[PDB]
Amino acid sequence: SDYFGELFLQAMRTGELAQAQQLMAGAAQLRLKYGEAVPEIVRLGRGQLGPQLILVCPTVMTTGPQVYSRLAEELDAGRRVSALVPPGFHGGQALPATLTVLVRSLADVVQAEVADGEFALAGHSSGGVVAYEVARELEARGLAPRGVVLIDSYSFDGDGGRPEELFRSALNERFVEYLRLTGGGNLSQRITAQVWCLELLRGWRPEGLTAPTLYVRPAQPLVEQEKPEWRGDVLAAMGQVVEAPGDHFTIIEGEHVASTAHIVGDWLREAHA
């Protein structure tokens, strides 16, 4: 346990989660920032041949290569799959001062990974958001990603609202449960990094990308009061939108990863073809 981490866990159980969030935000503000960390890139699965697929891990407390373990395995046939980990969630890593800093750090690692070979990017939620931004930056540098896949990416409108609180609370339930089960440590380090990084993405809209995009939408929502505005401007810039069985999280967990990978893999094969 962490001292403030235990208070955060306790707050959830007592209906004081709003105050606990404010604390993690204040801590995130105090944390060291850079802008000089080099984001981790990890090979997933065994494939040694074919185009490279880079899975950008989400900027949330559970982040790490393992979030994509099932998904990578399903996609491992005839391609080289890697997970790219945003800095600040593990070890002694500083947080990126700005979204531009984050995106540049990650683009530099991808550039070095792929050189001039064919590649594509994919990401779940905030990972999809960040994948799209990294793609844009690589296109500015003259690279040509073959596609970007975003899995249920959303962007919060305005400054807040009650639907937002309920949705974030539902996300938080699953994040914390994963870490409890995963055995995950450094709870304050992980939550402060999440709070910092998600704030960088507030009001994000896809501004233009030459590579084709695929948006995968889970058939099942998390809560009743989800606002269409959260996805509307995102969807509008997507080249293709596909509904898939599962919810925000199970879409890439045991029960639905197979159909998700089928849709993603088929699209990626077309994209490279």
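Quick note: we count residues from 1 along the sequence shown, nothing fancier.
Where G35 is followed by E36 in the displayed chain, the model omits 4 to 9 of the deposited residues that sit between the two. Relative to one another, 40-48 and 63-71 have unequal mean CA B-factors, and 40-48 is the one with the higher figure. Mean CA B-factor, 194-202 versus 159-167: the higher value falls on 159-167. Taking the PDB entry at face value, the top CA B factor among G184, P86, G147, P96 belongs to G184.
As recorded in the entry, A77 carries the highest CA temperature factor of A131, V110, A77, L102.
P245 sits in the middle third of its chain by CA B factor, as recorded in the PDB entry. Sort the modelled residues of the chain by CA B factor and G208 lands in the highest third. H90: CA B factor in the highest third of modelled residues in this chain (values from the PDB entry).
Split the chain's modelled residues into thirds by C-alpha temperature factor. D152 is in the lowest one. Remark: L179 belongs to the highest third of its chain, ranked by C-alpha B-factor as recorded.
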